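Mapping the sequence shown onto my numbering, position 17 (from 1) lands on 30, and the numbers just tick up by one. Where a beta carbon is used, it is the ideal one built from N, C-alpha and C, also for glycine. Below: the structure, in structure tokens.
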Amino acid sequence: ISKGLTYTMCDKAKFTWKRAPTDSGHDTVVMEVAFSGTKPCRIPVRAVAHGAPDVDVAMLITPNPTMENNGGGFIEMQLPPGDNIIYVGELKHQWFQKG
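Right under this line is the structure:
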């Protein structure tokens, strides 16, 4: 439940896609994960555009995302139209954004 603005970061390698990055029907990008590390933690999310793997381009639509023992793992963000590599730690997906 409680979206942790103050929770410590999750492990970059202990993630799995509960829902790969997809469109909300509304030109925003929803995704969901399941996680083998600490409960609670804050999800090390980013979306990194074609040619700049350093630069997060994600404007989050849902709050600062967390992984919990009573929910968690869900994320919504908006991105520039184009190829964007969406990470949850070092677990990635290839998101061809529309909008």
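Residue i versus the options, residue with shortest Cα-Cα distance
{"i": "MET22", "options": "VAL61, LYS111, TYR100, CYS54", "result": "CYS54"}
{"i": "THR75", "options": "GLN91, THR51, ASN82", "result": "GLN91"}
{"i": "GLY50", "options": "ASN97, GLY86, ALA60, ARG59", "result": "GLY86"}
{"i": "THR35", "options": "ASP67, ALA65, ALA60, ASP69", "result": "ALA60"}
{"i": "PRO66", "options": "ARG32, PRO93, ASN97", "result": "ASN97"}
With 16 other Cβ atoms within 10 Å as the buried cut-off, status of residue i
{"i": "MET44", "result": "buried"}
{"i": "residue 6", "result": "Summary: the structure shown does not reach residue 6, with the chain confined to residues 14 through 112, and so no result is reported for it."}
{"i": "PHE48", "result": "buried"}
Same chain only: Cβ atoms within 7 angstroms of residue i, ignoring 5 sequence neighbours per side
{"i": "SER37", "result": "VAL43, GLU89"}
{"i": "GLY95", "result": "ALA62, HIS63, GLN110"}
{"i": "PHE28", "result": "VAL46, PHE48, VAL101, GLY102, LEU104"}
8 angstroms CB neighbourhood of residue i in its chain, flanking five on each side removed
{"i": "residue 113", "result": "No statement about residue 113 is possible, as the shown extent of the chain runs from 14 to 112 and does not include it."}
For residue i, three-class secondary structure by DSSP
{"i": "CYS23", "result": "coil"}
{"i": "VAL43", "result": "strand"}
{"i": "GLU89", "result": "strand"}
Sequence-distant residues of the same chain with beta carbon closer than 6 angstroms to residue i, five excluded per side
{"i": "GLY84", "result": "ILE14"}
Residue-chain proximity (residue i, chain B), Cβ-Cβ < 9 angstroms
{"i": "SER37", "result": "You won't find chain B in this structure, because it holds only one protein chain."}
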